[PDB]
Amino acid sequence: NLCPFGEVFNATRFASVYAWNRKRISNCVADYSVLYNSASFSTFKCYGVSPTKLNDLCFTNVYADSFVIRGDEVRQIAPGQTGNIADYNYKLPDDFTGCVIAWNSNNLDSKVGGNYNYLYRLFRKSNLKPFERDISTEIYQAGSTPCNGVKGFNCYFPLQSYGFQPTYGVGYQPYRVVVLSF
C-alpha cells in the first residue's frame, strides 16, 4: 500500500521542537513525486539525494520528524549548524541523508494574544548528539551556586515559549518542519 505522508504533513497539531515527534515509516510504497510537486513549501532542502530522484537510491530506513520553530531558526535545521535549536533541541548529523521541508504556519499555530503551547529548550550543559531528544524539565544552573530544583536568580527553567502571535514579523512566526531521513 501507500505510505502515510498525509498523517505527517497535514497533522492538525505539531509537536514542540524540544519534544520533536518521530514517525517510523515502514512497509509501504512512498509517492515522493507529489511532495516536491507542491509549490506550498518555502524550504525544501535535500542532502545526499536529489529531490526529483528520491526513489532511485538505497533505503536505510525512512523516518519523518516534525516540530514547530521560529522563522529565523529554519536555517538551523541543517548539517553543521550551530544555535539554540541545533545545539539544544534538534541536531542533524554531518553525514545527513534526507530532506528538510518547512512552511509558514502563521495562520494555523499563532493566536491573538499568543499561542504559548509551542516550546523550545533555551539552556543545556552540552550540545545534543545527532537525533538526540531531551524533554527533561530539570532546573538549569548558570552560576556557581546549586539550585536544588528551585527556580531563581542564575537558575533557569530550561524551556521557553515562542508565544506565537500572527502580527509577529516573519522571523518570529511559526514554521512547521518535516525532516525525512533515509
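In case it trips you up, residue 1 is the first one in the sequence shown, and so on.
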| item | value |
| --- | --- |
| Segment of higher mean CA temperature factor, 134-142 or 32-40 | 32-40 |
| 54-62 versus 117-125 - which carries the larger mean C-alpha B factor in the record | 54-62 |
| Largest Cα B-factor, entry values, listed residues 25, 170, 17, 159 | 25 |
| Position of residue 88 among the chain's modelled residues by C-alpha B-factor, lowest, middle or highest third | middle |
| Chain third (lowest, middle, highest) by recorded CA B-factor, residue given as residue 178 | lowest |
| Residue 150, C-alpha B-factor rank within chain (lowest, middle or highest third) | middle |
| CA B-factor placement of residue 165, once the chain's modelled residues are sorted into thirds | lowest |
